[PDB]
Amino acid sequence: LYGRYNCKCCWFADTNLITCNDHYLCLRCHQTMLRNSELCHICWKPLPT
Amino acid sequence: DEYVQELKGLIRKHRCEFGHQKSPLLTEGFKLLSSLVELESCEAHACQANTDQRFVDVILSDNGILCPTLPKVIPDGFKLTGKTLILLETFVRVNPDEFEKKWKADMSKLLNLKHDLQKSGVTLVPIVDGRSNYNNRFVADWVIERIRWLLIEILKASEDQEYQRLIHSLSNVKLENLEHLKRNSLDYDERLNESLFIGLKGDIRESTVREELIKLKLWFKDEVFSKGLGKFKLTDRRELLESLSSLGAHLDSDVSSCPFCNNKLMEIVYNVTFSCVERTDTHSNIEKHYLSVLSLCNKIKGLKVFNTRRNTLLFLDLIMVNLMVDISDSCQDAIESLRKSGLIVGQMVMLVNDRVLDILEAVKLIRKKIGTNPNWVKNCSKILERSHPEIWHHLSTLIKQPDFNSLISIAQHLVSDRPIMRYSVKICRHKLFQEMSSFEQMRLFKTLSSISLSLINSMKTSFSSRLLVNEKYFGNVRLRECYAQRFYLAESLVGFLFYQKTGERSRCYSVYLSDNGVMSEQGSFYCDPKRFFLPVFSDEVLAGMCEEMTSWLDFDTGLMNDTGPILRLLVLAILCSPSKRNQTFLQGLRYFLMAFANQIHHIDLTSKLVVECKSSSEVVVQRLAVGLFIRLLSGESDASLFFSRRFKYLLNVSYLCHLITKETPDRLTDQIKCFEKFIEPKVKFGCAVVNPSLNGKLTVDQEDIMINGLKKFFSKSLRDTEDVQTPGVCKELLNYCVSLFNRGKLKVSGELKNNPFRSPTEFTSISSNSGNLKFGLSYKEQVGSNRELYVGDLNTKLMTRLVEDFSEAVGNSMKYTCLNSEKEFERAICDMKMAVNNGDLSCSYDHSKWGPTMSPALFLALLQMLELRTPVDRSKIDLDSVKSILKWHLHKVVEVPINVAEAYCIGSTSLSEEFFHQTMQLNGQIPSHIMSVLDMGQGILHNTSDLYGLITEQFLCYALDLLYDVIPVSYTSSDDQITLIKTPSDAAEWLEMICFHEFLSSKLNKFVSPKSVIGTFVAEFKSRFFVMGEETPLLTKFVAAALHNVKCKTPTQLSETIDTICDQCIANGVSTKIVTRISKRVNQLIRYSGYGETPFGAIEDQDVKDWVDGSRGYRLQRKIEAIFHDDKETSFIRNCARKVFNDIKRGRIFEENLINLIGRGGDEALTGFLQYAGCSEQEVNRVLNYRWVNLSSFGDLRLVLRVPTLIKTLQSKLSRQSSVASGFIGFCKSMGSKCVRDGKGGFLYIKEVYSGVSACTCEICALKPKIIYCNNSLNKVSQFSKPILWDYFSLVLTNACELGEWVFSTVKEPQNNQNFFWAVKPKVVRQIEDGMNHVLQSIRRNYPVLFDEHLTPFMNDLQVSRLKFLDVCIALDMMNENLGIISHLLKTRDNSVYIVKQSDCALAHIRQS
RNA sequence: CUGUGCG
Ligand SMILES: [Mn+2]
Ligand SMILES: [Zn+2]
Ligand SMILES: [Zn+2]
Ligand SMILES: [Zn+2]
Ligand SMILES: [Zn+2]
């Protein structure tokens, strides 16, 4: 199972998330971590497309 | 009369009081035995026989000493020598409780009469002989036991309690299940039970409890919750940050926005740094000569080789002055070039005892004692020559008149201003620390380290006398006779720390510099020296900690660039201002962050984070911490990017409070504060009976006040909200809790297992005629606030032990309590981690004033109706004994400290002081004993309080499941708990449930502290914070633990404890770059203590594989391998160890011969193992060439601070106040005196041992200087020369025994964002078959004499006494004082999991065999 | 019970 439907990067988000590889991820946090690298910096795996 | 006549012939088998003595026969024999033991007790101390036993005043009236109407005291043995009398009152008490009681009651009763003897006459010498047995010196101690036995057998065949009181003392010895004393009433027990067990029924049905809880929830929802009277509220993070900025960041304060201006020590550190960085940072031959002769003179200072101390100081000053005038000649310019650049200040010269004395005043004092006392030099040098002919290196110093003309010439040459020592407490030229290079900040930390080491050494100065007249603390003092500590900073400039007082107290120091002789003042401050030990050498540990914390915020390049220098400045201010207020504020910040991350927090949270500054030095620290919190938390949208990193950073910033030590800056002030915290709840409650009886007979008013306190304790209704803060418990709610516990409704059931049931002549509800369960109040040093502490007498300690064991067994029979059960704590940790990962409502609850509000009466009311059924009998075991001991605890007497009474008698407003004054003479006499209903002692009924808390918390979980249809699971620890609530189907709908739970907890005695938090983001339990998908490592806490608690007795033990601390810190993911710096700091500590560097100790240059799947033995092996680069000899020794391991395991033919081969030592054992494995005498001589000086060779280092070690550890395993700076001072003091033993009993210096070395420099003495020496380089000192390769062999063999055969292969090197943390398990493969009674058999088989003596003198399981490796890997442990494998084998990992970053595991070494 | 040890 994935996380608790939170950002896993800010925790202050439970609406319209997206899974990285084992947890969830907000939209703005995903776009912030993807626009600087390809890894996740939370799970340390490549971010989705 | 069959045994009455036998005593006539029995007593004949036994110097003055005997012939006179040889149913009054009973008392005749009693008096005979008493006189016999009394004459035996006094013939050892030269008493006088009292043939008349007249009195105490008659023996003074006969001789002539005036009698000032003394109270009639019967003296057993008096020894009056002219004008001095020694009173000896003896007693025979076998049981330790009655022994200590009679001892104290005798000492007090003789001091009360010594007071009046000192008021008129002589001051007696009090002696009391506490014979715990009946062993005399007239017989062989076997007849007196027969006499006592027959006396018992004649009394048992024949006031209220005499026929059992008299025999209870002639028996051998005296737990629970003993209610057969009297079980009598005192016309007060029934009135106590009428107010303690009147409203308890315990047989309530379940449906009625359900309906009553439903109605109570309905009432609470519309009466206490809708009215806004709840104790919990939502976060509103904006409001939280505003309140934080308003409470911490002082805006209405006129202090500057600069830490250096407001803190005097920070200003001094800045001055020293930026005057040593901008300016500078046979030349070192004369300074070395001066330092050597100064050390020599400091040696003969504390040797008492003279009559007086002033004459000793004058003689050493004469020696130093003669050395100065000798160095003045034979050199072109020695003083003006090397004294100005070394150790000399304006007009003053450095002397012994850390002193500096003006040269003119020095020659003025030397003119005396030589002018008014001629021929003094000759007879003061001849007394030194014939006393220590080893310090006779003084040849041209201890001579006649030291060229007074040349002396005054030197004095008039260096005429500079004297140190001012500013005693009285602006422009802001401070370069704006934020805008400093990364080198100037490290220089600030190094300067703080040097000044802190000088502060520590200032506490080292022994109590000397001032040679000059005091011309001292008004506004300023031109120093002429101050002590000075010298800290070296740069090639030319050196810092001086002047101070005028000694000891461990707070002083006013003055820091000066010497660039090239121009002594410039750097400042003057006031501090306590023993609070500056953490930065003593951690100029790089704290820098590495700050670097790691800043790297945690690498997600926002620009946030770390702002929070980096702010964090370094915060650490610097915390170190330069160690105060309990800063600790309290940083703990408050921890709780604020815990509330900020979650969603629900207490309404009175911010009211507890406020800490009165009382100084700008606290204002700057609070401003820095609040600014850090705001910079990391404030913002609208793009301010919670990586909130896990932010929470970790801020939690570590809050745990930076552990950098400040906990040593009670003022002991009397902290005792006063402890007494205040102890007596304020009682005075506020209304039950503070003072000095009740100390025996157990309360007066009418005292019984009335106790019954009133008990009634007030149980007078809390269930429908009132104006009583949710006063101590007490609702009787109906407790009845519901107990009734649900009895009928198996709670998660903890009464069906327990392993029944816990396992002079005091008459007992009652108050006492047992053996005291009144007297405790004594004191404090316990903690980080935030000093905890309470109760030190009890022997009998009350036994009673607490009884009740604590009962409650601990009951709790072990329970399920959800985790205080002394690590399995349940790990289950709680797993459940809390799963709850935080699943988004459950974790409620981290703390309970305020748990001890000071809990009452043994509450535990009585609980246990009165608890079922506590048996596992096999189902008989409802009666709790009469436990209830009787809890009644004794209800009427306990807590002795207040005598210092507190004295401080309150010689005395602003204070509630405790007001109560003291009101009890001084208004009602009775001075208060010395306090009895009360509430305030169960912290650490006294810990297990009983945990049992009550667990039962009540399971009832609260049942109530929550009933009312709000949630799934709660709670884990308590008797102080704090955590409740994981799985909710059905934010967190604003569960605020009502939280407020209702708090209300119900307060209706019991479980007042939820404002530090408790409720949320779905982070949980806390036992200071272990768990976050979504991880756990906060608490780096700063463990780093500060490694820098603190340096309990340095022996350097080996110090290194061992530091290694265990670094292991437990790497387990919680600290670093491998910070742990190597901690190890470097500890090695630098050991090296500074004069012990020098040794091939063992703290492990530098380590990887995670040295801590994961590796013990201390493997770390020492890796250290030895790092010593031997390009491993040709260590590889050969590892091959030999593998060969021995194969011959003992594969060939399996080696046993009891290696033990005979090892007991020789290091050279012979290594030679034998090499002949058994390699058999090449050339290679053995090439291997034994590597030596290391072992100071603990012929035993252990002799040390007086403030046989193998395995036997000591086994003895400690079978059987069941001083600061760290003072401990390090004692360590440095013991490691500089005669500590090295030479086997013949003559201890010698470490300097004498290390002077016996020679410059070998033959490519074997150069691979590790001052650590590894040649064999011929230690020909002068060959006794302290052991082969390091033998220790390496032994370490490798024990590592093979412990953690597998992979320790033999050569280390190969491997061919990551610094935040890829993950858990790794120890990859050890034990070849030992994984306890007790196995090492004992091992020692018994091999060593018969060492098992007989020094081991097993107090054992009772000798009827028990073949593991694969317990014969050779035990000799290797016993013969090596620093290996210690058996202590690791008879122990668990204590970590079982290591959080490490993948950046470290990718750089770990590969050693797969 | 006694230390001169930051280079
Ligand atoms: Mn807690
Ligand atoms: Zn991810
Ligand atoms: Zn997000
Ligand atoms: Zn300033
Ligand atoms: Zn050599």
# chains A, B, ... in the order shown; residues from 1 in each chain; ligands from 1

call {"tool": "closest_atom_pairs", "arguments": {"of": "chain B", "to": "chain A", "cutoff": "12 Å", "atoms": "only C-alpha atoms", "output": "CSV"}}
result
residue,atom,partner,partner_atom,distance
B:237,CA,A:12,CA,11.7
B:552,CA,A:41,CA,11.4
B:553,CA,A:41,CA,11.6
B:554,CA,A:41,CA,10.2
B:555,CA,A:41,CA,8.3
B:556,CA,A:32,CA,10.3
B:557,CA,A:36,CA,11.4
B:596,CA,A:12,CA,12.0
B:597,CA,A:11,CA,9.2
B:598,CA,A:11,CA,10.2
B:599,CA,A:12,CA,10.8
B:633,CA,A:10,CA,11.7
B:637,CA,A:28,CA,10.1
B:638,CA,A:28,CA,9.2
B:639,CA,A:10,CA,9.4
B:640,CA,A:10,CA,5.6
B:641,CA,A:10,CA,5.6
B:642,CA,A:9,CA,5.1
B:643,CA,A:10,CA,4.8
B:644,CA,A:9,CA,6.9
B:645,CA,A:9,CA,9.0
B:646,CA,A:10,CA,9.5
B:647,CA,A:10,CA,10.4
B:834,CA,A:4,CA,10.2
B:835,CA,A:4,CA,9.5
B:836,CA,A:4,CA,8.3
B:837,CA,A:4,CA,6.1
B:838,CA,A:4,CA,4.8
B:839,CA,A:4,CA,5.1
B:840,CA,A:4,CA,8.7
B:841,CA,A:4,CA,11.7
B:986,CA,A:14,CA,10.0
B:1015,CA,A:11,CA,11.8
B:1016,CA,A:11,CA,9.5
B:1017,CA,A:11,CA,7.2
B:1018,CA,A:11,CA,10.3
B:1027,CA,A:8,CA,10.0
B:1028,CA,A:8,CA,7.0
B:1029,CA,A:8,CA,8.0
B:1030,CA,A:42,CA,10.5
B:1312,CA,A:44,CA,9.8
B:1313,CA,A:41,CA,8.3
B:1314,CA,A:41,CA,10.3
B:1315,CA,A:41,CA,8.0
B:1316,CA,A:44,CA,6.9
B:1317,CA,A:43,CA,9.8
B:1318,CA,A:43,CA,10.4
B:1397,CA,A:44,CA,11.9
B:1398,CA,A:44,CA,10.4

call {"tool": "residues_near_ligand", "arguments": {"ligand": "ligand 4", "cutoff": "8 Å", "atoms": "only C-alpha atoms (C1' of nucleotides) and all ligand atoms", "output": "list in words"}}
result
residues 256, 257, 258, 259, 260, 261, 262, 427, 428, 429, 430 and 432 of chain B

call {"tool": "residues_near_ligand", "arguments": {"ligand": "ligand 5", "cutoff": "9 Å", "atoms": "only C-alpha atoms (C1' of nucleotides) and all ligand atoms", "output": "number ranges by chain"}}
result
B: 1185-1186, 1254-1262, 1268-1273

call {"tool": "residues_around", "arguments": {"residues": "segment 740-742 of chain B", "least_positions_apart": "6", "cutoff": "10 Å", "atoms": "only C-alpha atoms (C1' of nucleotides)", "output": "PDB file with N, CA, C and O atoms, in the first residue's frame"}}
result
ATOM      1  N   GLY B 202     -17.333  -0.959  42.733  1.00  0.00           N
ATOM      2  CA  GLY B 202     -16.597  -1.865  41.877  1.00  0.00           C
ATOM      3  C   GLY B 202     -17.398  -2.970  41.225  1.00  0.00           C
ATOM      4  O   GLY B 202     -16.860  -3.667  40.356  1.00  0.00           O
ATOM      5  N   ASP B 203     -18.660  -3.161  41.605  1.00  0.00           N
ATOM      6  CA  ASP B 203     -19.510  -4.192  41.024  1.00  0.00           C
ATOM      7  C   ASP B 203     -20.584  -3.596  40.120  1.00  0.00           C
ATOM      8  O   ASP B 203     -21.673  -4.158  39.984  1.00  0.00           O
ATOM      9  N   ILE B 204     -20.290  -2.453  39.501  1.00  0.00           N
ATOM     10  CA  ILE B 204     -21.253  -1.805  38.624  1.00  0.00           C
ATOM     11  C   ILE B 204     -21.406  -2.617  37.347  1.00  0.00           C
ATOM     12  O   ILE B 204     -20.434  -3.184  36.829  1.00  0.00           O
ATOM     13  N   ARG B 205     -22.632  -2.683  36.834  1.00  0.00           N
ATOM     14  CA  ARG B 205     -22.871  -3.362  35.573  1.00  0.00           C
ATOM     15  C   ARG B 205     -22.210  -2.597  34.427  1.00  0.00           C
ATOM     16  O   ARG B 205     -21.693  -1.491  34.592  1.00  0.00           O
ATOM     17  N   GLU B 206     -22.234  -3.206  33.244  1.00  0.00           N
ATOM     18  CA  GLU B 206     -21.609  -2.614  32.070  1.00  0.00           C
ATOM     19  C   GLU B 206     -22.559  -1.684  31.322  1.00  0.00           C
ATOM     20  O   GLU B 206     -22.143  -0.620  30.847  1.00  0.00           O
ATOM     21  N   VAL B 209     -22.781   1.728  33.004  1.00  0.00           N
ATOM     22  CA  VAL B 209     -21.598   2.530  32.707  1.00  0.00           C
ATOM     23  C   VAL B 209     -21.683   3.091  31.296  1.00  0.00           C
ATOM     24  O   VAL B 209     -21.336   4.254  31.053  1.00  0.00           O
ATOM     25  N   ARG B 210     -22.156   2.281  30.346  1.00  0.00           N
ATOM     26  CA  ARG B 210     -22.321   2.763  28.977  1.00  0.00           C
ATOM     27  C   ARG B 210     -23.276   3.951  28.922  1.00  0.00           C
ATOM     28  O   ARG B 210     -22.960   4.989  28.326  1.00  0.00           O
ATOM     29  N   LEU B 734     -13.879   6.646  38.852  1.00  0.00           N
ATOM     30  CA  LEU B 734     -12.978   5.573  39.254  1.00  0.00           C
ATOM     31  C   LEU B 734     -13.739   4.270  39.459  1.00  0.00           C
ATOM     32  O   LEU B 734     -13.229   3.190  39.144  1.00  0.00           O
ATOM     33  N   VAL B 748      -6.802  -4.438  29.325  1.00  0.00           N
ATOM     34  CA  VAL B 748      -6.048  -5.074  30.396  1.00  0.00           C
ATOM     35  C   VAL B 748      -7.044  -5.765  31.319  1.00  0.00           C
ATOM     36  O   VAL B 748      -7.985  -5.135  31.818  1.00  0.00           O
ATOM     37  N   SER B 749      -6.859  -7.061  31.523  1.00  0.00           N
ATOM     38  CA  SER B 749      -7.766  -7.855  32.334  1.00  0.00           C
ATOM     39  C   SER B 749      -7.147  -8.154  33.693  1.00  0.00           C
ATOM     40  O   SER B 749      -5.925  -8.170  33.859  1.00  0.00           O
ATOM     41  N   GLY B 750      -8.016  -8.391  34.674  1.00  0.00           N
ATOM     42  CA  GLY B 750      -7.554  -8.751  36.000  1.00  0.00           C
ATOM     43  C   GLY B 750      -6.995 -10.151  36.111  1.00  0.00           C
ATOM     44  O   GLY B 750      -6.388 -10.477  37.136  1.00  0.00           O
ATOM     45  N   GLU B 751      -7.180 -10.983  35.085  1.00  0.00           N
ATOM     46  CA  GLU B 751      -6.686 -12.358  35.099  1.00  0.00           C
ATOM     47  C   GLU B 751      -5.176 -12.331  34.885  1.00  0.00           C
ATOM     48  O   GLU B 751      -4.660 -12.516  33.780  1.00  0.00           O
ATOM     49  N   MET B 865     -10.817  -2.316  45.060  1.00  0.00           N
ATOM     50  CA  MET B 865     -11.828  -3.016  44.277  1.00  0.00           C
ATOM     51  C   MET B 865     -11.266  -3.697  43.035  1.00  0.00           C
ATOM     52  O   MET B 865     -12.045  -4.195  42.213  1.00  0.00           O
ATOM     53  N   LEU B 866      -9.948  -3.741  42.874  1.00  0.00           N
ATOM     54  CA  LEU B 866      -9.368  -4.501  41.776  1.00  0.00           C
ATOM     55  C   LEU B 866      -9.524  -5.993  42.031  1.00  0.00           C
ATOM     56  O   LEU B 866      -9.320  -6.473  43.149  1.00  0.00           O
ATOM     57  N   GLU B 867      -9.894  -6.730  40.983  1.00  0.00           N
ATOM     58  CA  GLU B 867     -10.029  -8.177  41.111  1.00  0.00           C
ATOM     59  C   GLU B 867      -8.662  -8.841  41.222  1.00  0.00           C
ATOM     60  O   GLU B 867      -8.345  -9.473  42.235  1.00  0.00           O
ATOM     61  N   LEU B 868      -7.836  -8.694  40.187  1.00  0.00           N
ATOM     62  CA  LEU B 868      -6.500  -9.285  40.136  1.00  0.00           C
ATOM     63  C   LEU B 868      -6.561 -10.791  40.398  1.00  0.00           C
ATOM     64  O   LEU B 868      -5.997 -11.312  41.361  1.00  0.00           O
ATOM     65  N   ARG B 869      -7.266 -11.486  39.513  1.00  0.00           N
ATOM     66  CA  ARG B 869      -7.499 -12.909  39.690  1.00  0.00           C
ATOM     67  C   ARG B 869      -6.224 -13.709  39.437  1.00  0.00           C
ATOM     68  O   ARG B 869      -5.287 -13.252  38.778  1.00  0.00           O
ATOM     69  N   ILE B 951      -4.446   1.242  33.886  1.00  0.00           N
ATOM     70  CA  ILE B 951      -5.850   0.867  34.057  1.00  0.00           C
ATOM     71  C   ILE B 951      -6.759   2.024  33.658  1.00  0.00           C
ATOM     72  O   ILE B 951      -7.734   1.851  32.913  1.00  0.00           O
ATOM     73  N   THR B 952      -6.438   3.230  34.131  1.00  0.00           N
ATOM     74  CA  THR B 952      -7.268   4.390  33.830  1.00  0.00           C
ATOM     75  C   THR B 952      -7.216   4.748  32.351  1.00  0.00           C
ATOM     76  O   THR B 952      -8.224   5.168  31.774  1.00  0.00           O
ATOM     77  N   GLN B 954      -6.683   2.623  29.841  1.00  0.00           N
ATOM     78  CA  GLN B 954      -7.484   1.645  29.118  1.00  0.00           C
ATOM     79  C   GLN B 954      -8.970   1.914  29.310  1.00  0.00           C
ATOM     80  O   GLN B 954      -9.766   1.721  28.384  1.00  0.00           O
ATOM     81  N   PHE B 955      -9.362   2.391  30.495  1.00  0.00           N
ATOM     82  CA  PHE B 955     -10.745   2.827  30.667  1.00  0.00           C
ATOM     83  C   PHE B 955     -11.066   4.009  29.760  1.00  0.00           C
ATOM     84  O   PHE B 955     -12.163   4.091  29.199  1.00  0.00           O
ATOM     85  N   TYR B 958     -11.579   2.722  26.326  1.00  0.00           N
ATOM     86  CA  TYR B 958     -12.912   2.139  26.248  1.00  0.00           C
ATOM     87  C   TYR B 958     -13.971   3.223  26.105  1.00  0.00           C
ATOM     88  O   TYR B 958     -14.919   3.079  25.325  1.00  0.00           O
TER      89      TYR B 958
END

call {"tool": "closest_atom_pairs", "arguments": {"of": "chain C", "to": "chain B", "cutoff": "6 Å", "atoms": "only C-alpha atoms (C1' of nucleotides)", "output": "CSV"}}
result
residue,atom,partner,partner_atom,distance
C:2,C1',B:302,CA,5.8
C:3,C1',B:1229,CA,4.0
C:4,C1',B:295,CA,5.3
C:5,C1',B:1088,CA,5.2

call {"tool": "write_last_selection", "arguments": {"atoms": "C-alpha atoms (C1' of nucleotides)", "output": "PDB file, in the first residue's frame"}}
result
ATOM      1  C1'   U C   2      47.216  17.111  45.256  1.00  0.00           C
ATOM      2  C1'   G C   3      47.752  18.679  38.247  1.00  0.00           C
ATOM      3  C1'   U C   4      51.473  22.407  34.869  1.00  0.00           C
ATOM      4  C1'   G C   5      49.231  18.967  30.421  1.00  0.00           C
TER       5        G C   5
END
